[PDB]
Amino acid sequence: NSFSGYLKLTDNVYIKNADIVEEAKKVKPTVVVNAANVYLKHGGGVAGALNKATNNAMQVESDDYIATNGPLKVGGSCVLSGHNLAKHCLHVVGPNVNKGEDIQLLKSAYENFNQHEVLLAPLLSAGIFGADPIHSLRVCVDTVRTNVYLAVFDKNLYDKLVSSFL
Ligand SMILES: O=C(O)[C@@H]1CCC[C@H]1c1ccc2nccnc2c1
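Method of structure determination, per the deposited record: X-ray crystallography was used for this entry, reaching 1.3690 Å resolution.

Caption draft 1: Fine view of the packing of helix α5 (residues 133-143) against helix α6 (residues 155-165). Two elements in contact, α5 and α6, have axes separated by 10 Å at closest approach and are oriented at 50°. The orientation of α5 relative to α6 falls into the category oblique. The way α5 lies across α6 gives a crossing that is right-handed. Here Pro133, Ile134, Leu137, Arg138 and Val141 of α5 lie close against α6, whose contacting residues are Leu157, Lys160, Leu161, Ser164 and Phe165.

Caption draft 2: Structural view of the side chain of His91. Structurally, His91 is set in strand β5 (residues 88-92). Within the structure, the side chain of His91 is placed 3.0 Å from the side chain of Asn34, a separation counted as a polar contact.

Caption draft 3: Just the pairing of β5, in detail. Counting buried residues along β5, four of its five residues qualify, which places the element largely inside the surrounding structure. Looking at chain direction, strand β3 (residues 31-35) and β5 are connected through five bridges and run parallel. Note that in β5 the partner of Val33 across the bridge is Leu90. Counting the residues that bridge the hairpin from strand β4 (residues 77-81) to β5 gives six residues, and of these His83 lies at a positive phi of roughly 55°.

Caption draft 4: Summary view of the side chain of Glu61. Relative to the elements of secondary structure, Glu61 occurs in helix α3 (residues 57-69). Side-chain polar atoms of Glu61 contact the backbone nitrogen of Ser81, separated by 2.8 Å. Sequence-distant contacts of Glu61, defined by excluding residues within four places in its chain, comprise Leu80, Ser81 and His83.

Criteria and thresholds
Residues numbered from 1 in each chain as written, not as in the entry; some residues may be left out. Heavy atoms only, no water. Axes fitted to C-alpha atoms, helices over the stretch in contact; angles between N-to-C directions. Helix = DSSP H or I, 4+ residues; strand = E, 2+ residues; numbered from the N terminus. Parallel < 35°, antiparallel > 145°, perpendicular 65-115°, else oblique. Left-handed = near helix turned anticlockwise from the far one by under 90°. Contact = heavy atoms within 4.5 Å. Polar contact = N/O pair within 3.5 Å; in protein donor to acceptor, adjacent residues only side chain to side chain. Buried < 20%, exposed > 50% of the residue type's maximum accessible area, 1.4 Å probe, protein only. Pairing = 2+ DSSP bridges.

Rendered as structure tokens:
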């Protein structure tokens, strides 16, 4: 949890323009959040990048979790190993609003963060899931009560979020 270079947006939400893979390798936080789908198939976006950084160890562990427990629900989560990125990975499923999943479930998705005192995380449902990233930051701020360090890869997006929030 040796985070550096973050801007404090609220009492408990911090933001940095950084690649979450590189933040995780440098900080080795207690918890790194993955933006997952219900079958934990880490094919693209943040999920593909975190899985690639574990050289597919996260995918093999995830397939075993699904074979024993079944898929997650939208708005749900599970805690698995963080491998070389963190002590734990919290795999959280935000709604895929491009496939008709209700945006109201974005609040349920962020509620999972409250089970952990400190987390390194991306914006949920942004990117391939289709939600507006600034709306996702708003739900994060309105919902998460624990300390969250958000890593935003795209500089244009990061600047938009900081200008809209400060
Ligand atoms: O922060 C961002 O710019 C977006 C917002 C939601 C998903 C974020 C993200 C971060 C790292 C990624 N690395 C490889 C591929 N896609 C990624 C996507």
